[PDB]
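Peer 1: Encoded as structure tokens, here's the structure I'll be asking about.
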Amino acid sequence: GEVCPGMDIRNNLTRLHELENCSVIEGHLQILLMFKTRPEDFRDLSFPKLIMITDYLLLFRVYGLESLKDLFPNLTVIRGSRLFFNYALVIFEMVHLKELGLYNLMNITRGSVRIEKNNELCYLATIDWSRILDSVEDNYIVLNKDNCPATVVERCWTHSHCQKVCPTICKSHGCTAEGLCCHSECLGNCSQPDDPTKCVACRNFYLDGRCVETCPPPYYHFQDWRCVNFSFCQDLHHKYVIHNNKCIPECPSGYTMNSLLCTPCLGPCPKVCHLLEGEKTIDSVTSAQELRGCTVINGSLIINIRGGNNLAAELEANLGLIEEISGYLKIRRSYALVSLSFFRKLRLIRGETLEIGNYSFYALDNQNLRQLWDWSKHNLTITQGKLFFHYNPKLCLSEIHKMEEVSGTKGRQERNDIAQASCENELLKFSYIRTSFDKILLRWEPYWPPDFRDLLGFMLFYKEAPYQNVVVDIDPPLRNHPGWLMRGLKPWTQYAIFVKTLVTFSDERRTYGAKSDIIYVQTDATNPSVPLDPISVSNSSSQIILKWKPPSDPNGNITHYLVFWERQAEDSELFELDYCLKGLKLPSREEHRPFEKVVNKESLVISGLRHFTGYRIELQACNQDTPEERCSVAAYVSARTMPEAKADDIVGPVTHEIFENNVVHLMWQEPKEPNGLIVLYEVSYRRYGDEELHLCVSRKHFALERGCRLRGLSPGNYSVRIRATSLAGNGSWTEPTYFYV
Amino acid sequence: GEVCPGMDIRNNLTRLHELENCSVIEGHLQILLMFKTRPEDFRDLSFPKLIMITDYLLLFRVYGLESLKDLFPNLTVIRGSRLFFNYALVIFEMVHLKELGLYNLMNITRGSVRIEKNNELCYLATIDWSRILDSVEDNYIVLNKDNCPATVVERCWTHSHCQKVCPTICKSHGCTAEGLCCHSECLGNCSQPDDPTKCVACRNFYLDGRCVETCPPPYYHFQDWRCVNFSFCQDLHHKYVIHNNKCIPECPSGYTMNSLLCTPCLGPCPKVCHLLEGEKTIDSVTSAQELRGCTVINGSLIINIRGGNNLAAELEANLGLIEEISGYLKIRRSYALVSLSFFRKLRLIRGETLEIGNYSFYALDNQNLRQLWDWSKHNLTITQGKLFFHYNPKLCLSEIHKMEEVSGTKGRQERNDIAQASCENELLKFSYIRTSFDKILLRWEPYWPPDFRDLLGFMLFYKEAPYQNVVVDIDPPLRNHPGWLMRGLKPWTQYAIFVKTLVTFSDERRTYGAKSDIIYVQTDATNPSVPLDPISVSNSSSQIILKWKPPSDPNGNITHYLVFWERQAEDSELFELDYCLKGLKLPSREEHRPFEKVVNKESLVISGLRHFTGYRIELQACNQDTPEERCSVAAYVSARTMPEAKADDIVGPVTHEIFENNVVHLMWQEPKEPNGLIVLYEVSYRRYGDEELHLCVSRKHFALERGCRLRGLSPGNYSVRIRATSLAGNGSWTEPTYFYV
Amino acid sequence: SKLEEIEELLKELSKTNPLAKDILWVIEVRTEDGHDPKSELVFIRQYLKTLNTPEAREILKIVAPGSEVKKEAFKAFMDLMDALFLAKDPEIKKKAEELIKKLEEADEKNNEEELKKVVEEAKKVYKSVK
Amino acid sequence: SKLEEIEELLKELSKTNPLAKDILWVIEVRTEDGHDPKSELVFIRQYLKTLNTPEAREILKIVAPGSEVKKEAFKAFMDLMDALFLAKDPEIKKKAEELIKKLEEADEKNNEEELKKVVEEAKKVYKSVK
């Protein structure tokens, strides 16, 4: 089973004879506008080797065809890799077609059927497409003229060309011409059954006449269809790249070449956007959004932005895609923009495309900008052509100087190119600052213009400056050294601060300006807030896996968790109350607190404690660890450990003594590390032949009656059992006591 | 007691002798600034009639005075209406005074003492200034030379001119020259004691030789110190107005003339501002804030302001004071300004002050107008002069015509007065609309520009429109009517809606566009929210003064309160279980629900109810009543009426029967309208010699025993009483029952 | 009709979607209008282009099979398949020759937008043919 | 000194006002600085003029008597009345003649800003004389 590419044929059937050496058409077969042909051309002209078409078929004004079987009787499958309008075959407007009669069609891996206007063409509704085509949404069949397996009527391409319905067990993998299934790797048909080497079309991959699940390089994977040697991969590449061991036409997104391996790139891809006309004018965001991602280009650009307030965040996401522009770039009449910097990579106008007048940049009527670039840490250069800046004197030549200097363009312009004048002729200097955690001093001096009258004070702007990704006024001093303090700040919070003069607008001699400095400044740290999530979880009787979480206010570089705990003296109410009612009424609930500077742990396993014992916890949050510390008011909890099923028990049997009048006096002992505290003792007693009866003994009852006392007992051998009850519950019973009353 | 106006003696002593006709100086006395004066001018001069100076005194550079007593022996009071730097006098560098010696000075209603560097002047620290000056802590007595009663040194102006001692009971009102107090209306001194007509100065008002707490018109109140007829009030007025029956120089704020009555004005007063040179210019809000209130004017003004978004609320608050401008108003380089309508009252440029070239207005560099003036009603005229409007073609001549007509400047202007343009040269219209409560349809035509290509769609802008004291785009239609619908408006809420066309700017005569239309449209009302504050307050046993408050969502013009209630049958458990454990266990807690469309009443009184009975309340609040009604899911409450401690009684005595074995049965009855219901009964019984004892009978005990059956009764005459317990409480006991056992 | 079926399955969807409910509101108000159903339909489709939320896009696709556009483009292809050789002018035939290549391209690239533009242009050219 | 007592009562004020406590910090800062107390004093007064909240104004008045200004006002009176008859130039005498009327009218108007300006003028005139 050979393979050949699939092309179209317009009015020249002569190329059909080239299919004799082909069994698979790696593509389609498109035959159109054959006013030349006649029935003699196609009545039996056959290429039985052809067995499958990857993409589709087409047949229009094909004057002469009698039966579709004639050309390719063995045609079995259509992979439909690409499908004209998701269709597999065009049969339209041919009166010569008497039938299709293709007695080998098995499956259409993708697409539906089209037939129309073909007179004399019968046996179309007889087709049961349900088993053939994976897509049967609309098997368009209209205006045509229209023994074998029957489904609901006999299903067949002709009364003789019975439908080749394989047994259901063959699946889409197909069956031989005799109806015997093929191997799972096969598809449609096979010269011999159940043999991956004898298939006609492959489920996974055709390899050197044999179907294979995977393609072994240099015979890499070919479009889920076959295997192609790496040399042929390069041949396709040059006139196609290895990905997932597959010589796919091009690498996926985020990939880069590795001579023909698809090694991942940095994510962004340097796409070389050969601009429409080499150009695109820019005034509105939609334009840039449309062209997002042009990490590389071929052309110049034109700019007329419409920006006039603090809204540039919308913009640079589309911008800065390249470090250079091969051609020019033009801008004019842009709106009140302040920054001409938000263009990420851009570094060099190659200016190859020259602006009119052999220019390579232009700027005019952009009398708006007051920020251009951070050439201080950014590099500029320009290759060729005149550059135009005139009539944008919002920012004057002051920084222009820098621009042409760093661009190396001194010899490429004249003053003609260049020209509200916010061009600060001076830059004030800060003198002194002092810092609290939230309120910071400033100091400077009686600066004055020579016409000191011109000064109107000073305009501050600042902001919190946790990171270096990238608001008040003052009046003049007197003849003297001013300063400033704020409060709005917060502990250990970096802020960028910077001022410029409030000055008189001296019209013709409008003073050009007295800037100031810039400073990233962080306030003092302070005592943090309370650390939250205080949960004193118990991993063991005497072990507490305490857990918290940071405070609301670190107020400085966090240093340690100054934990603090203490055992609680259990409530005296439990030593005062009595609970001995049937249906027990059991209750329910210096000093250096032991501590630790728990650091980097939001939790702690506290040891040496007592099961189910009251403990008061304390933890000051401290971003300082010295003896004196910025420590927050502590977090607290009255933690209680987990109990034990030994601390509410009674050791040994119940100590007893008896009197002749059938009076029993009882005594016993308790553990001295109870589950918090033992408050009462369940009591039970029995005489042989009788039944056990229950009673309670509280600690007060324990003291008054040395434990428990019983009166009016029936004579005979006696027994007693007592169980201590702590606030964690009941423990273990005493060993069965025995005595005679 | 004569009176004279406050007068000055500066640079000349010629006017001293006119002081002889004076006892009260309506103002001050100012002696200074002539070095020519010598002791010969003052050592013997005397004006004994002088009594009081309202404001203050002064002496420096008028050298010669030997003693203040000789000049004004009777000088007693200084009201200090206004003071010499809050001083009633200043004597400085007087080497001539031997003493002030003023033996009649008694009171200074306001101020302190200043006497410095005066050589030969003794008896200054000896002065009893505490009882004289209302403010002595501010005294400034330094660098001067300095038998009578002593207070802690002898208090006196001289060893002979002793302190004019007034007993403390005399108060500041003063005492006679003999030391006997004066009338409460007096001040400082009086010729005879305790006589308001004999005062030298008056506490409240001097009136024709007498002191009166009030001034009778036409002798109105005069500056809190005397009375003056209306005639003199007008005389002062014509080189003064009656306020609160007080002829004050001018009325306070919010007042206007009523010929001299201070009739209240509209609050704002027509202040005629003769501005600085009758001029001003504006670039910052501070200027207008400074210039608030000029509801009238004398001058012209200039304007130059910034702008970056819909942020002009800060501005007109200071604007629109007058209906006209005498001269001109000037605007230049206010690029961002959206309108010239920010001036409330203004109605005509008198243009009296003319710009160069006899101009009266100017306009330049303001290419940001969305609105200018409510010409629909703004009859803003112009008187005279030419005008200038260039560099402002953003708004075109089509409305400059309008400005010219309303200004009436048709015969005063030329095209030379006038200069991106956004003057939509067509009108867009709306074809159809539909309204839900939140989602509102729109429709309109498939409009095309003649260069239909130019159309880019339509920019809608709406807002909510409850009052008219003053937002999305579309694409082009095609061959027809477009439309719009939104989702989430609020019910019955009017919105102003209006659109402008999204179109390509053509730099030739541009397609300015078809301006759409403005519509103020209200959404549909809907079912409101639940009415809140449901409180079923009980005004009586069977009466409930119910009360709620409106819902969170009226969702339409509210119509009524469809209330719904019911009498809840009390719980079955209360009807079944026994509650006669000592230490009472008394518990505690078609389908036509009666209803009413309570209207305009957020409360209701409900009748026919039962004390402490359960009632389930309901209210379908509705903004629609007659058809199917837009009503919230009703509010509800299981209201219970206020109880009655009478409907838990036991009517009649205790029905009973006796048995020979000292057992007695008891029967009784309960009220049929109980406090919700009656669950148990209290039985009290006694025998003579014994004491009454209590027993409980539940409903089930009542049924089984037909009430109660006392057992083991003590032999002899016996008595029983019973009281029924309802969920509200207990009522009246049964009438005493008696029997023998 | 199948449009009524679309409306009913849109009842179903609106029961699984608020926006489908709003569309049903639109439908009933249009019924009040009772004008060309297809016109109102196409308008609403463009309104979906407008709102164009992911859910709006899904709903549109549901009511606008998109492959609907594929079938319509196939019909336009039959139009051009007639035109390129049977058109009334050689210029029309040459433009159709360009357009068949353009359509093969668009089919491979299978972009709804590219295909929309191609079919609109195809209608524009077929104006000359018919 | 009145400065120290000002601080001490500002302890109370700050106990009645956070901003007065802020000023107390400022006072500590100056203490560290240990420079001209009046310098930082007047600076902070102008700082009050800056923040100039109603409470800030009240505090300023408390620490800044304002009537202070009236004290320098009568001193400037002494200066002006000296100059008007003893100034070295008739122009200075006429300026003092203007400024006496200005003083009287400002007294009536009793504004401390008008008076600040007037006393600045008086200082200039006195410097011209001396």
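In the structure tokens, each chain is lettered A, B, ... as it comes, each chain's residues begin at 1, and ligands are numbered from 1 in order of appearance.
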Neighbours of residue B:233 within 9 Å (only C-alpha atoms; same-chain residues fewer than 4 positions away dropped), as a PyMOL selection string?
Peer 2: chain B and resi 219-220+228-229+237-238+240-242+247-249+260
Peer 1: Residues as selected, N, CA, C and O atoms, written as a CSV table (one decimal), in the first residue's frame, can you do that?
Peer 2:
chain,number,residue,atom,x,y,z
B,219,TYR,N,-36.2,106.0,70.0
B,219,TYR,CA,-34.9,105.9,70.7
B,219,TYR,C,-34.5,104.5,70.8
B,219,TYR,O,-34.7,103.8,71.8
B,220,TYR,N,-34.0,103.9,69.7
B,220,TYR,CA,-33.7,102.5,69.6
B,220,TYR,C,-32.5,102.2,70.5
B,220,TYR,O,-31.9,103.1,71.2
B,228,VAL,N,-30.9,106.4,70.9
B,228,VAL,CA,-30.9,107.5,69.9
B,228,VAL,C,-32.1,107.4,69.1
B,228,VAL,O,-32.5,106.3,68.6
B,229,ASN,N,-32.8,108.5,68.9
B,229,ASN,CA,-34.0,108.5,68.1
B,229,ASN,C,-33.7,108.1,66.6
B,229,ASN,O,-32.6,108.1,66.2
B,237,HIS,N,-27.0,107.5,59.2
B,237,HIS,CA,-27.1,106.7,57.9
B,237,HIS,C,-26.7,107.6,56.7
B,237,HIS,O,-26.0,107.0,55.8
B,238,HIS,N,-27.1,108.8,56.7
B,238,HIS,CA,-26.7,109.7,55.6
B,238,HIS,C,-25.4,110.5,55.8
B,238,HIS,O,-25.2,111.5,55.2
B,240,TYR,N,-26.4,103.4,59.0
B,240,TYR,CA,-27.0,103.0,60.3
B,240,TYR,C,-28.4,102.5,60.1
B,240,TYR,O,-29.2,103.2,59.4
B,241,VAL,N,-28.8,101.4,60.8
B,241,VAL,CA,-30.0,100.7,60.5
B,241,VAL,C,-30.5,100.1,61.7
B,241,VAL,O,-29.7,99.6,62.6
B,242,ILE,N,-31.8,100.0,61.8
B,242,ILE,CA,-32.5,99.4,63.0
B,242,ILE,C,-32.4,97.8,62.8
B,242,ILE,O,-33.0,97.3,61.9
B,247,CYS,N,-30.4,100.5,66.4
B,247,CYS,CA,-29.8,101.2,65.3
B,247,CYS,C,-28.3,100.9,65.2
B,247,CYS,O,-27.5,101.6,65.7
B,248,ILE,N,-28.0,99.9,64.4
B,248,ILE,CA,-26.6,99.4,64.3
B,248,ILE,C,-26.1,100.0,62.9
B,248,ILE,O,-26.9,100.3,62.0
B,249,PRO,N,-24.8,100.2,62.8
B,249,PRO,CA,-24.3,100.8,61.5
B,249,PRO,C,-24.8,100.0,60.3
B,249,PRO,O,-25.1,100.7,59.3
B,260,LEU,N,-35.2,102.5,57.8
B,260,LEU,CA,-33.9,101.9,58.2
B,260,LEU,C,-34.0,100.5,58.8
B,260,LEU,O,-33.1,100.0,59.4
Peer 1: Write down, as a ChimeraX atom specification, each residue of chain A that has any atom within 12 Å of an atom of chain B, counting only C-alpha atoms.
Peer 2: /A:283,306-311,333-337,368,420,504-505
Peer 1: Go ahead and write the selection's residues with C-alpha atoms as a compact mmCIF listing (two decimals), in the first residue's frame.
Peer 2:
# COMPACT_ATOMS: atom_id res chain seq x y z
CA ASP A 283 -4.39 55.98 18.68
CA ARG A 306 -5.65 59.53 23.03
CA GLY A 307 -4.50 59.37 26.67
CA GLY A 308 -5.14 62.10 29.22
CA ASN A 309 -5.06 60.80 32.82
CA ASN A 310 -3.76 58.04 35.09
CA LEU A 311 -4.85 55.15 32.84
CA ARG A 333 -0.98 65.01 17.84
CA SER A 334 -1.04 62.49 20.69
CA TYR A 335 -3.18 63.38 23.68
CA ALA A 336 -2.09 64.61 27.12
CA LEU A 337 0.24 61.61 27.57
CA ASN A 368 1.72 66.66 26.06
CA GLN A 420 3.65 74.97 29.27
CA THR A 504 4.72 81.67 40.28
CA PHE A 505 3.96 81.40 36.56
Peer 1: Show me, as a PyMOL selection string, the residues that have an atom within 10 Å of residue B:510 when counting only C-alpha atoms, minus same-chain residues fewer than 5 positions from it.
Peer 2: chain B and resi 420-425+454+503-505
Peer 1: Identify all chain D residues at most 9 Å from chain A by counting only C-alpha atoms; ligands do not count. Present them as a PDB file with N, CA and C atoms, in the first residue's frame.
Peer 2:
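As a result, iface.pdb now contains:
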ATOM      1  N   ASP D  22       1.655  64.554  68.711  1.00  0.00           N
ATOM      2  CA  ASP D  22       2.568  64.579  67.579  1.00  0.00           C
ATOM      3  C   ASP D  22       3.540  65.735  67.724  1.00  0.00           C
ATOM      4  N   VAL D  26       7.561  66.133  68.075  1.00  0.00           N
ATOM      5  CA  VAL D  26       8.348  67.127  67.358  1.00  0.00           C
ATOM      6  C   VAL D  26       9.255  67.858  68.327  1.00  0.00           C
ATOM      7  N   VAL D  29      12.088  65.856  69.055  1.00  0.00           N
ATOM      8  CA  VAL D  29      12.983  65.882  67.907  1.00  0.00           C
ATOM      9  C   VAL D  29      13.855  67.122  67.967  1.00  0.00           C
ATOM     10  N   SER D  39      13.207  79.166  66.458  1.00  0.00           N
ATOM     11  CA  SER D  39      13.222  78.791  65.051  1.00  0.00           C
ATOM     12  C   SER D  39      12.200  77.701  64.772  1.00  0.00           C
ATOM     13  N   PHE D  43       8.522  77.770  62.919  1.00  0.00           N
ATOM     14  CA  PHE D  43       8.289  76.795  61.867  1.00  0.00           C
ATOM     15  C   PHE D  43       7.040  75.988  62.142  1.00  0.00           C
ATOM     16  N   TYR D  47       3.580  75.447  60.397  1.00  0.00           N
ATOM     17  CA  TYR D  47       3.091  74.111  60.104  1.00  0.00           C
ATOM     18  C   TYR D  47       1.628  73.986  60.489  1.00  0.00           C
ATOM     19  N   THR D  50      -0.300  75.396  58.060  1.00  0.00           N
ATOM     20  CA  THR D  50      -0.371  74.475  56.934  1.00  0.00           C
ATOM     21  C   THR D  50      -1.499  73.474  57.129  1.00  0.00           C
TER      22      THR D  50
END
Peer 1: Quick one: everything within 9 Å of stretch 679-693 of chain A, counting only C-alpha atoms, minus sequence neighbours fewer than 3 positions away in the same chain. Send it as a ChimeraX atom specification.
Peer 2: /A:574-575,577-580,584,586-587,650,696-702,707-708,713-727,730,733,737,740-741
Peer 1: Would you list the contacts of stretch 76-78 of chain D as a list in words, taking every protein, DNA or RNA residue within 8 Å and counting only C-alpha atoms, but skipping same-chain residues closer than 3 positions in sequence?
Peer 2: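 Surrounding residues, per the criterion: residues 72, 73, 81, 82, 100, 119, 122 and 123 of chain D.
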Peer 1: Env of residue C:6: 12 Å cut, atoms = only C-alpha atoms, seq-sep filter 2 positions within chain, self excluded. Answer as a PyMOL selection string.
Peer 2: chain C and resi 1-4+8-14+20+23-24+27+41+59-60+62-65
Peer 1: With a distance cut-off of 12 Å and only C-alpha atoms, select the neighbouring residues of residue B:155, excluding the residue or stretch itself and same-chain residues fewer than 4 positions from it, and output the selection as a PyMOL selection string.
Peer 2: chain B and resi 101+103+123-131+147-151+159-165
Peer 1: Stretch 412-461 of chain A: which residues are strand (DSSP E) by DSSP, as a list in words?
Peer 2: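 Reading the DSSP output for stretch 412-461 of chain A, strand (DSSP E) covers residues 426, 427, 432, 433, 434, 435, 440, 441, 442, 443, 455, 456, 457, 458, 459, 460 and 461 of chain A.
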Peer 1: Keeping C-alpha atoms for every residue in the selection just given, could you write it to a file as an mmCIF file, in the first residue's frame?
Peer 2:
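Below you can see result_0.cif, which holds the result:
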data_model
loop_
_atom_site.group_PDB
_atom_site.id
_atom_site.type_symbol
_atom_site.label_atom_id
_atom_site.label_comp_id
_atom_site.auth_asym_id
_atom_site.auth_seq_id
_atom_site.Cartn_x
_atom_site.Cartn_y
_atom_site.Cartn_z
ATOM 1 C CA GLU A 426 16.576 73.699 38.940
ATOM 2 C CA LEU A 427 16.279 70.625 41.146
ATOM 3 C CA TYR A 432 17.219 66.405 56.714
ATOM 4 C CA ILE A 433 14.767 63.640 57.574
ATOM 5 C CA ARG A 434 13.915 61.870 60.809
ATOM 6 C CA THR A 435 11.719 58.825 61.171
ATOM 7 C CA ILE A 440 8.724 61.184 59.400
ATOM 8 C CA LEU A 441 10.494 64.536 59.556
ATOM 9 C CA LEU A 442 11.820 66.486 56.619
ATOM 10 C CA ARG A 443 14.012 69.570 56.574
ATOM 11 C CA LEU A 455 8.539 81.059 44.861
ATOM 12 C CA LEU A 456 5.067 79.940 45.945
ATOM 13 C CA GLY A 457 6.173 76.947 48.025
ATOM 14 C CA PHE A 458 6.602 73.282 47.296
ATOM 15 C CA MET A 459 4.497 70.416 45.947
ATOM 16 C CA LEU A 460 5.158 66.996 47.456
ATOM 17 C CA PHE A 461 4.168 63.690 45.975
#
Peer 1: At what distance in Å, to one decimal, does atom CA of residue A:288 lie from atom CA of residue A:272?
Peer 2: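 A separation of 15.9 Å between them.
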